[PDB]
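this one's structure only:
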Ligand SMILES: *[C@@H]1O[C@H](CO)[C@@H](O)[C@H](O)[C@H]1NC(C)=O
Ligand SMILES: *[C@@H]1O[C@H](CO)[C@@H](O)[C@H](O)[C@H]1NC(C)=O
Ligand SMILES: *[C@@H]1O[C@H](CO)[C@@H](O)[C@H](O)[C@H]1NC(C)=O
């Protein structure tokens, strides 16, 4: 609840603390059915515009069904099989003879129903749309006569309204080769999603968590097209199960740390690597290197462990002692002293080099801080913007406390002559070993 | 048809074989026309709601036309000119005086027609929508009187249905600066695409191939907005021509290969580079380094040669002898021993290091394999999942045969003291030359 | 207006000149309101289809309002706070008691109106849709009786037309966690955008610039959901302010430059780094490293300075003398001699190595140029395509003048034995210092 931050002047890095986890560790698959009409062409002597409008909407229904049939013949390998493997196993079961008859029997009287498939998966099925009932009762008497009977204009509008969701679902499944994410309101309405969450074999706090973050749940869910067979359209919705909840999470921010000599070509740089989200998980730390894999709402991070690395908990000691022997703190080295800034959760890191004009301003007071050459930091308390060169960044105005941990920039502990300056994935001990090797080649 | 796999224990890499190619090497451009109405405002004494609804839909038609006019004045350079250059050459021809009169004459009696343009391109043109006929015959008598005549509600609904495709096409062309990909059903319906494929100057197996993979064809096609001029809206659809068909294709998978000493800081790593899709092509190999450039359907890969590299066929010998003098097998080196796994076509590579808990399970039996430190592999036969640290991966359940090629991990052939450990783009011979240089600097 | 190009044979790089800048340096926020109906359920004895259709569309209105309410309770941190910080500051003001009453008073008589908020921001507000007027006057008398009165079918269609924009706006704000970019025509119609631009506190040439590039303006704008409160739906549109206009801009193109010895393993390579867009800006140069951050229309580049680096103007001297002491020209080194090509603004760079078949053709004449081993270039005058290996590239047919600046490839000035060949981010002086160090270790 209380967000705090710590800037480390020695390593030009900051850690944003106080975040709570929700890591996806499991999947809950659910079958969504649409009752279809196995209509055949019913051309009759037709002229008045209402029959034409009905026949037009009926052809749009007919093309949607044939499009789903060619879509289910070809199932592309191009999805990420490791993240849809559950639902794909259910679709392979659905292709069995008699399984669609089973779901067809369970949704015979109600819209929602639990169905035990023939593979040990107790899935929750839904009937979200009933087009066979509408077409066979309200439309077929209209095109199964000698001359077509005249339907009312209310029927034309209601049929375009009901048929619309089938057409949009066929559009999403067609452009995405049967696998869509996020899951749209066409695939599952917010009302249907909340009812599906409420009916899940999870704790009540987990139902409240997923119900209060339905948009994040949609962004971390998949919709997989199964089969169109025997007047039934079935597709699987894969919802995330957050097996890791309320564990401490923190975000590491890094920026280049160079020396600030006045003669160009004589400066060396180092930047901590592995910036991103860290969360405590089962005696280890789950690290998320890609920036788009974790959604934050309030102080809660919602990550997928599929794109994480598992690190020893000693990885946090790079934040307290980068020179600590329990974990080899990783860095990259260079000579690229271009000024830059990183907007953190509660402030801004500024790496100012060369002649760059770096400053921090308040909207009404003007410049309140001028950065000197090196790596520095400013909290969001009293600061609105940070300007670096010709770029203006805005500071996050979120409430919290920042702590400036003063310390000597560690780049000053290195003799420039023997520094390894172009290391793209090194470590503190890796650099020290390359330096020990250059001192033995130079002593003789 | 038969998918096979080979895991190389010596290099921590796997090759998935048996795939057939379809590489895009050409473009087939086609002109899609929409007959428009050069209507002018026709405000008359109007009150009843049906005239207002018609006038509202007519203004939505009017804004769509002016939006396309400002869209064709500004053609952004931001597209990738090298992949739309064909259609852009056709749009430059269409801007000539009299060329729209030519297509206007060919689609005078039929919907589809071949047109020889004034630049030597024999394009296939289509009339997919006729709004000038509908507006000038059914709507203008309704707003060209002293007082507007009253149109029936069927006319209001039919006009919103016909005008809809124009409005959606204007939306896609507006948000994408005139160049859209993939090509939506609004740009070209599946029925129109299949008819366009069938009418193409290609072999019958190529028409069957593109017709059975229409969604992949859409994802590898472009729609370019040409011109709105003289009651004609024209835009080019660029369809892929697969000049390379049924050549062997294979997918290389790589994972870090480190030594497993018990003292941290004493281990060295190496990873094969250039993982991805390889296809035999014209006496050479077409390599696709980016992961999203090749769509797989069944055992067929559909790539665009635009994002390929051409390599000598000897590049396959990195799979049989990484130490082979005909091709310099490329690697990258490091000391980053973080555990990870790679899901292949028929199994999983696991690089287990440190204290990470790596295992392979069956859904009902539990843990059936525990990986030791190093790089190892498991087939999908009897394995459902692979757990590495806090992450659970699912194995692809596709049928095929895997071959575990046992061999000494080549990282064990290197003396750690003189190994080059931070090489970001090296080669087997590059590393040996850096080692020969470190042994001459150490012998003295 | 006149686009020119310069190919540097010595460094295998080209510079496309003559482009004019438009850099985003500020934001103009604007409030978009939708007058809503605080209706409550009004179930009455209803049977005929017109009441059902109205009640159905009313439930779609009701769900859209509750979806926006749960959307405004949860505001995700996941947006990029530094680029939405303006609008977020306005939304925080809008959440104050009485501020929605202020905008509700200013849009009491007109659609557009300037409103001075209680935070010093003089925002331009708009009333783009009026659903409270339509529902309370045309719909409530239809469900506030003993038995529902019968509405005409025109009312059903007009209500689905008016309610549609609310439903689409709720869809975009829901899938994107309240922050959408680009800004759709649903968020702001082209007519409303042009009227908002015209009413902006900017010069007349800036109104003409943004009005002639509305699609680029949309792609560089943000729509942020604020609050739904007291029969008012408010959201902020953030439009770009281009503080840098008509400054010279140029695009740097680079390609690998290797030696062409006949014995593999004896060749060294070097590639200039920092390819992309450069624009003169306030006595410095704004560099844009990512490829998708700058949209080009004609000869004008539209960039966001948010994703730029500020460089000394001496960075242009890498184009005139890469060996020039005022700026340390950056390079990367390797031994990866794979053939490739780069399509420039007026031609094509070709790096041909090994046995690769590189050629340049005219559509009707055939092969007009065969590249030898090394880095070379061809203008678009007389050339249509460039083939490298199995890949065919199309040359941009834009009019301009190219200049081939002959010069010795600088890779030939380096002794291969002491060259640093795996540098991932080096510089000309960095390489010379590593060479000076290898010559001192070899002289003894
Ligand atoms: C470098 O030498 C020092 C001095 O003995 C030693 O303490 C340190 O551990 C060495 N570093 C490496 C990486 O071997
Ligand atoms: C390294 O030296 C050995 C021994 O003569 C030789 O066989 C090998 O080719 C050399 N490697 C390189 C890259 O020069
Ligand atoms: C390398 O040595 C030469 C010869 O004195 C000198 O001119 C040059 O500046 C040196 N380069 C570096 C990077 O120190």
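Good, I have the coordinates. Numbers count the residues shown, from 1 in each chain, chains lettered A, B, ... in the order given. Ligands and ions are numbered 1, 2, ... in the order given.

tell me which element the residue of the stretch 101-250 of chain A at minimum distance from ligand 1 falls in.
Residue of the stretch 101-250 of chain A nearest ligand 1, by Cβ to the nearest ligand atom: residue A:250 (28.3 Å). Just so you know, the C-beta spots here come from the backbone N, C-alpha and C atoms, and that holds for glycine as well. Assessed by DSSP states H and E, residue A:250 sits inside strand A:232-254.

Residues touching the helix or strand just after that strand, excluding its own?
For strand A:232-254, the following helix or strand on the C-terminal side (DSSP H and E) is strand A:257-258. Residues from elsewhere that reach strand A:257-258, judged by Cβ atoms under 8 Å, 6 or more residues apart in numbering or on different chains: A:11-12, A:267-271, A:335, A:337, A:351, A:353, A:374-375, A:409-411.

Just give me the closest of these to chain C.
residue A:335 (5.8 Å; Cβ to the nearest Cβ).

separation between the closest one and ligand 1?
22 Å (Cβ to the nearest ligand atom, to the nearest Å).

So which bits of the strand holding residue A:250 are buried?
Neighbour counts over strand A:232-254 (16 or more other Cβ atoms under 10 Å in any protein chain shown) mark A:232-244, A:247, A:249-254 as buried.

now do stretch A:173-183
A:173-174, A:176-183.

Just to be sure, which of these are found in strands?
A:179-180 (DSSP state E).

Quick check: the farthest pair among the buried residues of stretch A:173-183?
A:174 and A:182 (17.0 Å; Cβ to Cβ).

Double-check residue A:129 against residue A:167; I have them as touching.
No. Look at residue A:129 against residue A:167 with Cβ atoms under 8 Å: they stay out of range, at 11.4 Å.

Neighbour count for the two, which is higher?
More neighbours surround residue A:129 than the other of residue A:129 and residue A:167, with 20 against 17 (other Cβ atoms under 10 Å in any protein chain shown).

re earlier: so which of the contacts of strand A:257-258 belong to strands?
Short answer: those in strands (DSSP E) are A:269-271, A:351, A:374-375.

one step back: look up the closest residue to the residue of the stretch 101-250 of chain A closest to ligand 1, ignoring the ones flanking it.
Spatial nearest neighbour of residue A:250, excluding adjacent residues (Cβ to Cβ, 6 or more residues apart in numbering or on different chains): residue A:17 at 4.9 Å.

what's the neighbour count on that neighbour?
Residue A:17 has 20 neighbours, counted by other Cβ under 10 Å.

which helices and strands sit right next to the helix or strand hosting it?
Per DSSP H and E, residue A:17 falls inside strand A:13-35. If contacts are counted by 3 or more Cβ pairs under 8 Å, 6 or more residues apart in numbering or on different chains; DSSP states H and E, strand A:13-35 sits against strand A:4-8, helix A:81-94, strand A:122-130, helix A:131-134, strand A:232-254, strand A:276-281, strand A:300-304, strand A:347-352.

Show me which residues of that strand are buried.
So, applying 16+ other Cβ under 10 Å, buried residues of strand A:13-35: A:13-19, A:21-25, A:27-35.

Now do the residue nearest to residue A:250 against residue A:386, distance only.
To residue A:386, residue A:17 is 21 Å away according to Cβ to Cβ, to the nearest Å.

In chain A, what residue lies closest to ligand 3?
Taking Cβ to the nearest ligand atom, ligand 3 has its nearest neighbour within chain A at residue A:265, 6.4 Å off.

From what I see, that residue and residue C:432 are in contact.
No. Taking contacts as Cβ under 8 Å, residue A:265 lies outside contact range of residue C:432: 9.6 Å.

Which residue, other than its chain neighbours, is closest to the residue nearest to the spatial centre of chain A?
For chain A, the residue nearest the mean C-alpha position is residue A:293 (4.6 Å; Cα atoms, centre = their mean). Among residues not flanking residue A:293 along the chain, residue A:307 sits closest, at 4.6 Å (Cβ to Cβ, 6+ apart).

What's the local residue count around the one you found?
Neighbour number of residue A:307 under other Cβ under 10 Å is 16.

How about residue A:114?
Neighbour tally, residue A:114, other Cβ under 10 Å: 11.

same check, this time on residue A:87
Using other Cβ under 10 Å, residue A:87 has 24 neighbouring residues.

need the contact list for it.
A:27, A:29, A:222, A:224, A:236-238.

which of these sit farthest apart?
A:27 and A:224, at 11.1 Å, using Cβ to Cβ across the contacts of residue A:87.

so what's in contact with these two at the same time?
By Cβ under 8 Å, 6+ apart, the residues touching both residue A:27 and residue A:224 are A:87, A:238.
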